[PDB]
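Derivation of every value follows stated rules applied to the coordinates shown; laboratory data play no part. Don't worry about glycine lacking a Cβ; one is built from the backbone with ideal geometry, like all the others, and counts go over all protein chains shown.
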């Protein structure tokens with residue numbers, strides 16, 4: 001009878017996933033309070049652990065910070081990271097991690113679709129092979145992404161490639177909308193961009209993210225996290241949200257995020273349309 005307080009983070013994907021959770025619950029007649037786009041990670045995390053939120057989408061790899069377990073190898077594996085934060089949040093905070101999306105919202109490289117399809121580039125390993133075969137390549141990226149040891153140099157080391165100076169366009173202070181745009185219109189001959197794994201502009205501006213099978217970056221997979229006492233009152237909501245989040249792979253999230261961020265569709269309507277199309281509402 002007491003309404004379920006549904007939240008999310010302020011960003012595009014937060015708006016999308018928060019509205020998805022809210023509308024799934026509403027379609028089952030569950031009483032709700034709309035607190036979508038409440039704040040940043042620490043604000044929503046503080047809110048759910050204080051009871052100001054009952055459920056919101058959180059990202060698996062953030063378990064590294066929640067449990068002071070930075071540099072644990074588990075966060076570099078999608079399944080191991082999920083299971084780890086799920087176990088820890090249950091026992092320590094009575095927070096239940098539901099089904100995670102198969103997507104990984106983390107740093108990667110996105111390549112122009114034409115170049116990716118022509119050269120069969122799916123993963124960062126494919127990219128490395130293409131480069132060592134003399135493939136034409138120029139990456140737009142932030143100075144930070146280029147220099148930080150855990151960013152481009154980590155990809156380079158793990159996948160065995162090296163970008164020369166003429167294969168880089170350094171853009172001072174991000175952000176990925178700008179680097180993606182550079183590849184999209186081939187600025188200074190750029191054909192690839194620094195991007196996040198579920199970036200809306202990747203879909204809208206005609207790029208394709210590369211996968212990270214080696215697990216160089218920690219995995220940030222979004223999942224509903226719900227207070228145990230609330231799940232206790234509506235146990236069925238795990239079942240409701242399972243096929244929904246199972247369907248959210250990277251390309252799907254890129255398209256939905258693009259609808260909102262690039263083309264200015266209402267996040268509420270984008271969520272509603274998706275749920276209706278897939279037949280969950």
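Structural remarks
- Extending 7 Å from the Cα toward the beta-carbon at both residue 229 and residue 10 defines two label points whose distance is 2.9 nm.
- Base-10 log of normalised Debye intensity for segment 2-46 (one unit scatterer per alpha-carbon) at q = 0.24, 0.27, 0.32 Å⁻¹: -0.76, -0.89, -1.07
- Between 0 and 90°, nearest 10: helix 12-27 axis offset from the chain longest Cα axis: 30 degrees
- Value of Rg to Rh for segment 1-151 (Rh from inverse mean 1/r over Cα pairs, i.e. Kirkwood): 1.07
- For segment 106-219, the pair-distance distribution built from all alpha carbon pairs, in bins 5 Å wide starting at 0, is 2, 14, 26, 29, 22, 7, 0 percent.
- With the convex hull of its Cα atoms as the shape, the chain has an orientation-averaged projected area of 14.3 nm².
- Set against the 2.2 N^0.38 Å expectation for a compact globular protein, segment 32-96 has a Cα radius of gyration ratio of 1.14.
- Cα-projected label distance for residue 93 with residue 186, points at 7 Å along beta-carbon direction, nm: 4.7 nm
- Ascending count of other beta-carbon atoms within 10 Å, so fewest first, for 69, 199, 54: 69, 54, 199
- Modelled FRET efficiency - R0 25 Å, residue 70 with residue 242, Cβ distances, 0.05 increments: 0.25
- Antiparallel bridges, percent of DSSP beta bridges restricted to segment 106-219 (to nearest 5): 55 percent
- Report note on the peptides 103-116, 243-256: ranked by the mean count of other C-beta atoms within 10 Å, highest first, their order is 103-116, 243-256.
- Spatially, segment 233-281 and segment 164-222 are offset by 24 Å when compared through their Cα centroids.
- The mean sequence separation of alpha-carbon pairs under 8 Å and at least six residues apart, normalised by the residue count of segment 106-219, gives a relative contact order of 44 percent.
- Pairwise FRET efficiency - residue 77 versus residue 276, Cβ, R0 = 45 Å, nearest 0.05: 0.85
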